[PDB]
Amino acid sequence: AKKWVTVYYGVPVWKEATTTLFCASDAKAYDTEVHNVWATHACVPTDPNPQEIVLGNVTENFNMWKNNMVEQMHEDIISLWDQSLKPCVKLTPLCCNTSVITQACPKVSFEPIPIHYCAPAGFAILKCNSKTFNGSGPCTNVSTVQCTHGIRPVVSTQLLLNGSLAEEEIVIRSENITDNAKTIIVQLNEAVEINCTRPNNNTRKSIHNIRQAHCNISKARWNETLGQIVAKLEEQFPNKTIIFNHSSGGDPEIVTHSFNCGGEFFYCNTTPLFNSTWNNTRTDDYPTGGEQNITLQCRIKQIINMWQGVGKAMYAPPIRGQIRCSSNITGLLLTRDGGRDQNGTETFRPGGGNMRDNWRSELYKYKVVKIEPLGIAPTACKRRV
Amino acid sequence: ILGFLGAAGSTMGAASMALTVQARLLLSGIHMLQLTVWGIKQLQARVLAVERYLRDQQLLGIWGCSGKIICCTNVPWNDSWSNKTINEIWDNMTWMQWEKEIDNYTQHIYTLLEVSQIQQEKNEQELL
Amino acid sequence: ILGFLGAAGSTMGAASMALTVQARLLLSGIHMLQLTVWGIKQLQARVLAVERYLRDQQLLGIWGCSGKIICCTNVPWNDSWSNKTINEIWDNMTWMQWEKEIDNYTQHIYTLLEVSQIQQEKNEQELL
Amino acid sequence: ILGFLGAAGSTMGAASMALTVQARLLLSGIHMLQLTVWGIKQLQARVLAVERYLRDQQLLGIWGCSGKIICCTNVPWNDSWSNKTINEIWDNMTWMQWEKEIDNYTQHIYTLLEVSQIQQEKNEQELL
Amino acid sequence: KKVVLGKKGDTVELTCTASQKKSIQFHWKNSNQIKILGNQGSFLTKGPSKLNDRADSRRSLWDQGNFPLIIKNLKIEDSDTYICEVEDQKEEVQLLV
Ligand SMILES: *[C@@H]1O[C@H](CO)[C@@H](O[C@@H]2O[C@H](CO)[C@@H](O[C@@H]3O[C@H](CO)[C@@H](O)[C@H](O[C@H]4O[C@H](CO)[C@@H](O)[C@H](O)[C@@H]4O[C@H]4O[C@H](CO)[C@@H](O)[C@H](O)[C@@H]4O)[C@@H]3O)[C@H](O)[C@H]2NC(C)=O)[C@H](O)[C@H]1NC(C)=O
Ligand SMILES: *[C@@H]1O[C@H](CO)[C@@H](O[C@@H]2O[C@H](CO)[C@@H](O)[C@H](O)[C@H]2NC(C)=O)[C@H](O)[C@H]1NC(C)=O
Ligand SMILES: *[C@@H]1O[C@H](CO)[C@@H](O[C@@H]2O[C@H](CO)[C@@H](O)[C@H](O)[C@H]2NC(C)=O)[C@H](O)[C@H]1NC(C)=O
Ligand SMILES: *[C@@H]1O[C@H](CO)[C@@H](O[C@@H]2O[C@H](CO)[C@@H](O)[C@H](O)[C@H]2NC(C)=O)[C@H](O)[C@H]1NC(C)=O
Ligand SMILES: *[C@@H]1O[C@H](CO)[C@@H](O[C@@H]2O[C@H](CO)[C@@H](O)[C@H](O)[C@H]2NC(C)=O)[C@H](O)[C@H]1NC(C)=O
Ligand SMILES: *[C@@H]1O[C@H](CO)[C@@H](O[C@@H]2O[C@H](CO)[C@@H](O)[C@H](O)[C@H]2NC(C)=O)[C@H](O)[C@H]1NC(C)=O
Ligand SMILES: *[C@@H]1O[C@H](CO)[C@@H](O[C@@H]2O[C@H](CO)[C@@H](O)[C@H](O)[C@H]2NC(C)=O)[C@H](O)[C@H]1NC(C)=O
Ligand SMILES: *[C@@H]1O[C@H](CO)[C@@H](O[C@@H]2O[C@H](CO)[C@@H](O)[C@H](O)[C@H]2NC(C)=O)[C@H](O)[C@H]1NC(C)=O
Ligand SMILES: *[C@@H]1O[C@H](CO)[C@@H](O[C@@H]2O[C@H](CO)[C@@H](O)[C@H](O)[C@H]2NC(C)=O)[C@H](O)[C@H]1NC(C)=O
Ligand SMILES: *[C@@H]1O[C@H](CO)[C@@H](O)[C@H](O)[C@H]1NC(C)=O
Ligand SMILES: *[C@@H]1O[C@H](CO)[C@@H](O)[C@H](O)[C@H]1NC(C)=O
Ligand SMILES: *[C@@H]1O[C@H](CO)[C@@H](O)[C@H](O)[C@H]1NC(C)=O
């Protein structure tokens, strides 16, 4: 009758907490490939039989923009890269002189392996299983695991590659649709194959070519994908036409699409993919060209800007044989213009992205928490004294 | 040992009832690295759960609650912490929601529990 | 932790005496797979023994016997369960024999223990 | 679980105070063989620490101290064991020094504790 | 706000700062919220402003918490209010030519 304070132990209550996750992967460790060599000593085998518990009426706020797992993933990837793809020349400005590091320049096999992150003893990872959840808020379907699924540590810009697909629909996951200083990072519910090949055995040199590649995108898939994307953009901007453009300027890694295979760093001109304007869900941007292939002109470079903080690096010249990349476009790191001076139209551009954004699009489903079993509530009992 | 994880989403009242039911039934009797790396990790997780449990069971002695899961007090509710009724909080809230409602008063309450325990122990020894 | 396995075959009375003697003495201070596969299995066996023990020690709270090995009650023997005397059962029977003699009444007894515990708790809270 | 190893060298009084402080803060929330051979040995060490702990917690029931870390008695100091005052021993000595001062009387004391526990249990049952 | 005046085709260094020397993302925008210049990790990007052919930044200072907008060859039309978006805070400087 006095609502006596009663202490209850074993209460299923948790808080977000910071710990360091460990990695696991299905390392082979004998092909002398970078990811398998790294994984050999960096990671443990994956869990052959992980369990998952689905919680009942549980709602949890998942903020993908503040998920610290991202920073941990970032640090492991940098170590992998520094321990593998060694440039001939690495330039680090220091404030403001320049420090130059020179290293042997062997080429290495380089093909990503999925890596899983797992909770240490005493911790667990909450997973958001709501297929319609865009992030930054309440997830109404929460389950618990020790380990996340494996994620392929792909480094790229504009079009992100080989990620996961949405269960049913293309999902916009912007922190703020109307801010204009943040990305859209839309993920797809369908992967679109992009096939990039070198014109093998074409050896030609300029004088006082060799460094060339071509990327082929099905036009049909691209058309379907963009029609669906603009429909979602139209929902956000219901009285406006959607127009796509190329970048306004900036470093080559942003202006063109960037990716790598083996030791080769590719830059591709995506202009052919983004010059449309949908309004009545129709553009005729492609004249029903019947080519069925949107093709990009690509180049292979030796001197590139590093993604790993500010600095520049040079790699050895190209491999003499055939180079091929086969990737899944699984999302677009699109951005939007200011819009303040526009009248009835919104402009989108593919240029953009950095590595933290690429991981946010993969790690948004997971949060790490710990249970604090001691709780208090009032009740009707009294202790005899 | 946190078999109460599956209780998440239930109300505080419901959780209490579920444990009583389970207690009656239980009491009444009603490729090598993939195996050994994880073997160690699972044992570490279970040994740790036991150690934290035992630690807490003894830490609670400071409030006179040693060895117990549920312990009753001699400190009343102050109603500044929350002015809801017992049925409202036990029937329409989960443990997590409840904790959030009063998570800024926990140190106050913890302090009071320590203090009343000290005074009670003192009173008994003075009487003896 | 079942160090009482070696007591099998002794009488219930004898088993009690043996534990008291041991308690005083203890308290007073008076080829790789063959190693690692079994290393894990032995740890699993020991961790489990601890977990079952702790579980039971808390489950017994429902009868007011939490934290105890031996707990006394407020429920009398009904003599329908068995009409033998205390000395007859404690001195001329082993625990297993005893359990068999009354293994069809255990649920009845368990129920009574729960009930008297509830009423006792109620009485104290009503008085307070 | 012997987190008190770091208390060595402190006085008995100081050790008690340190635990109380820690208790409040904790309770209030304020190359393969080199990995697997030792993984097993560390788990064995921790599982054993738990088992000895639980054993002792139940062995102490013989003195009426089951489940406790600190238990108070009904047996007075005889002063033949030691004639120092409480403050002298608690403030100017470490636990080890204290144990040495009286390590030849421990069996006497242990015996007395058993005896008074038996008589107390008897008295209650006779009264009931 | 801070006000800086230049003349004709000269150059101006407008600045934004942070107490956190971690190359934290920032942007520069004009008074109409049109992106001018900003950082995406290690890379410099530009917005569709009249300054894309004039604007640059001292990349070497990004890890010092200094994120300037440097405009060369000023046009009289560039006189405006320039907005710094650094971390969460905003800062402003007016540019006059
Ligand atoms: C998305 O996922 C897909 C797969 O799921 C990734 O695609 C894989 O990309 C790797 C990139 O190399 C590609 O690997 C090549 O497969 C060939 C199949 O036979 C191999 O022959 C080839 O090995 C040679 O080239 C390597 C290039 O660095 C050398 O390191 C290696 O030693 C070999 O080199 C010898 O042969 C060449 C021949 O021209 C010769 O010039 C050399 O001197 C030397 O003699 C690679 O293993 C995979 O096959 C791709 N998978 C598929 C299905 O195509 C994709 O990259 C992911 N996307 C992103 C962005 O990462
Ligand atoms: C949360 O979403 C998951 C994912 O779909 C649901 O669980 C799965 O439901 C499918 C339906 O066919 C089953 O095949 C899976 O085996 C289920 N997975 C698990 C781990 O149970 C889950 O039920 C949803 N939970 C809530 C609360 O809605
Ligand atoms: C999401 O974007 C909108 C629009 O850019 C932000 O709204 C602006 O917020 C500032 C804050 O003082 C106001 O001064 C502006 O007038 C708002 N703009 C409009 C058009 O009203 C909104 O705050 C952003 N969300 C967050 C969390 O920052
Ligand atoms: C990408 O699509 C283009 C479509 O033109 C392919 O180019 C054609 O390749 C065939 C192969 O024999 C040639 O006969 C055609 O003349 C080519 N077309 C043109 C316009 O030159 C291109 O090869 C495709 N890319 C890849 C990697 O196959
Ligand atoms: C990229 O290369 C792959 C493999 O050569 C192509 O995959 C083939 O696509 C056709 C399309 O119907 C299928 O019928 C074949 O079975 C596919 N091959 C395999 C091995 O599955 C893929 O289409 C190419 N991508 C693009 C964009 O052209
Ligand atoms: C991508 O390729 C297009 C060509 O397909 C380049 O754009 C051309 O630039 C010249 C320069 O005067 C113009 O005359 C052409 O009309 C442009 N063509 C198109 C289709 O716009 C474009 O600059 C390249 N972009 C990148 C980033 O390399
Ligand atoms: C893509 O953005 C560019 C701006 O960088 C647009 O080009 C401008 O178009 C207007 C139209 O009158 C011209 O006055 C400007 O001088 C153009 N600027 C430049 C730098 O050329 C371009 O039209 C946009 N394209 C699409 C498809 O929206
Ligand atoms: C966007 O650019 C692409 C290429 O840069 C244009 O598509 C090609 O246009 C030529 C013109 O004769 C056609 O022959 C090709 O077949 C087209 N490609 C495909 C895959 O059909 C495209 O028209 C431009 N779109 C807009 C809206 O400007
Ligand atoms: C679109 O580009 C793809 C690029 O692979 C074309 O597929 C190739 O077509 C040539 C034609 O002889 C075949 O020899 C290749 O083996 C095909 N590649 C693959 C991986 O199968 C595709 O045909 C192009 N589409 C059209 C309509 O030309
Ligand atoms: C979906 O995105 C919008 C963007 O502002 C956000 O406000 C909303 O809360 C998101 N969904 C959930 C469940 O939070
Ligand atoms: C995309 O494909 C659909 C299929 O019917 C077609 O109607 C549409 O015009 C195509 N392209 C655009 C840009 O609208
Ligand atoms: C693209 O997604 C399909 C879906 O099954 C998968 O089979 C294919 O291997 C994926 N491609 C890449 C490069 O991962």
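Chains as they are written, first to last, in PDB author numbering: chain A, 32 to 126, 196 to 308, 325 to 359, 361 to 395, 397 to 405, 408 to 505; chain B, 519 to 548, 564 to 661; chain F, 519 to 548, 564 to 661; chain G, 519 to 548, 564 to 661; chain C, 1 to 97.
Beta carbons are placed, not taken as given, at the ideal position from N, Cα and C, and that holds for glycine.
Starting from residue i, follow the beta strand (DSSP E) in both directions and report where the run begins and ends.
{"i": "residue 486 of chain A", "result": "486 to 491"}
{"i": "residue 94 of chain C", "result": "89 to 96"}
{"i": "residue 425 of chain A", "result": "423 to 425"}
{"i": "residue 571 of chain F", "result": "Element bounds for residue 571 of chain F: not the beta strand (DSSP E) but the alpha helix (DSSP H), 566 to 592."}
{"i": "residue 40 of chain C", "result": "35 to 40"}
Residues in the same chain with beta-carbon distance under 8 Å from residue i, minus the five sequence neighbours each way, listed in chain order, please.
{"i": "residue 647 of chain G", "result": "595, 596"}
{"i": "residue 484 of chain A", "result": "93, 95, 98, 228, 235, 273"}
Can you give me the Cβ contacts of residue i inside the same chain, cut-off strictly under 7 Å, excluding the 5 residues immediately before and after it?
{"i": "residue 345 of chain A", "result": "270, 286"}
{"i": "residue 49 of chain A", "result": "99"}
{"i": "residue 607 of chain F", "result": "649, 653"}
{"i": "residue 248 of chain A", "result": "216, 217, 225, 486"}
Is the shortest distance between the beta-carbon of residue i and the beta-carbons of chain B less than 8 Å?
{"i": "residue 244 of chain A", "result": "yes"}
{"i": "residue 648 of chain F", "result": "no"}
{"i": "residue 603 of chain F", "result": "no"}
{"i": "residue 595 of chain F", "result": "yes"}
{"i": "residue 70 of chain A", "result": "no"}
{"i": "residue 587 of chain F", "result": "yes"}
{"i": "residue 525 of chain G", "result": "no"}
Could you tell me how far apart the beta carbons of residue i and residue j are, in whole angstroms, since I believe they sit closer than 8 Å?
{"i": "residue 292 of chain A", "j": "residue 449 of chain A", "result": "4 Å"}
{"i": "residue 576 of chain G", "j": "residue 580 of chain B", "result": "6 Å"}
{"i": "residue 103 of chain A", "j": "residue 473 of chain A", "result": "Residue 103 of chain A to residue 473 of chain A, Cβ: 20 Å. No contact."}
Check whether the Cβ of residue i lies closer than 8 Å to any Cβ atom in chain A.
{"i": "residue 528 of chain B", "result": "yes"}
{"i": "residue 68 of chain C", "result": "no"}
{"i": "residue 34 of chain C", "result": "yes"}
{"i": "residue 640 of chain B", "result": "no"}
{"i": "residue 629 of chain B", "result": "yes"}
Note down, in chain order, each residue of its chain lying with its Cβ closer than 6 Å to the Cβ of residue i, except the 5 sequence neighbours on either side.
{"i": "residue 623 of chain G", "result": "530, 531"}
{"i": "residue 417 of chain A", "result": "386"}
{"i": "residue 83 of chain A", "result": "243, 245"}
{"i": "residue 198 of chain A", "result": "122"}
Between residue i and chain F, is any beta-carbon pair separated by less than 8 Å?
{"i": "residue 5 of chain A", "result": "It is not possible to answer for residue 5 of chain A, since the shown part of chain A is limited to 32 through 505."}
{"i": "residue 569 of chain G", "result": "yes"}
{"i": "residue 580 of chain G", "result": "yes"}
{"i": "residue 34 of chain A", "result": "no"}
Return no unless some Cβ of chain C is closer than 8 Å to the Cβ of residue i.
{"i": "residue 365 of chain A", "result": "yes"}
What are the boundary residues of the alpha helix (DSSP H) that residue i is part of?
{"i": "residue 544 of chain B", "result": "530 to 545"}
{"i": "residue 648 of chain B", "result": "639 to 660"}
How about residue i: is its C-beta nearer than 8 Å to some C-beta of chain G?
{"i": "residue 576 of chain F", "result": "yes"}
(message) Counting beta carbon pairs with one atom in the region 207 to 223 of chain A and one in the region 486 to 504 of chain A, are three or more of them shorter than 8 Å?
(response) Result yes; three or more Cβ-Cβ pairs closer than 8 Å.
(request) Tell me, please, whether the region 294 to 305 of chain A touches the region 270 to 280 of chain A by the rule of three or more beta-carbon pairs shorter than 8 Å. (result) no
(message) If contact is defined by three or more beta carbon pairs under 8 Å, each pair taking one atom from either stretch, is the region 635 to 644 of chain F in contact with the region 584 to 594 of chain F?
(response) no
(message) For the structure I just gave you, are there three or more beta carbon pairs, one from the region 333 to 340 of chain A and one from the region 371 to 386 of chain A, closer than 8 Å?
(response) As far as the Cβ criterion goes, the region 333 to 340 of chain A does not touch the region 371 to 386 of chain A, which means the pair count is below three.
(message) Whether or not the region 1 to 8 of chain C and the region 32 to 41 of chain C are in contact is what I'm after, with contact meaning three or more pairs of Cβ atoms, one per stretch, closer than 8 Å; do they touch?
(response) no
(request) Evaluate contact between the region 433 to 443 of chain A and the region 118 to 125 of chain A, counting only Cβ atoms and requiring at least three cross-stretch pairs below 8 Å. (result) Yes, since at least three Cβ pairs between the region 433 to 443 of chain A and the region 118 to 125 of chain A fall closer than 8 Å, the two stretches touch.
(message) Closer than 8 Å is the cut-off here; do at least three beta carbon pairs connect the region 79 to 94 of chain C with the region 19 to 29 of chain C?
(response) yes
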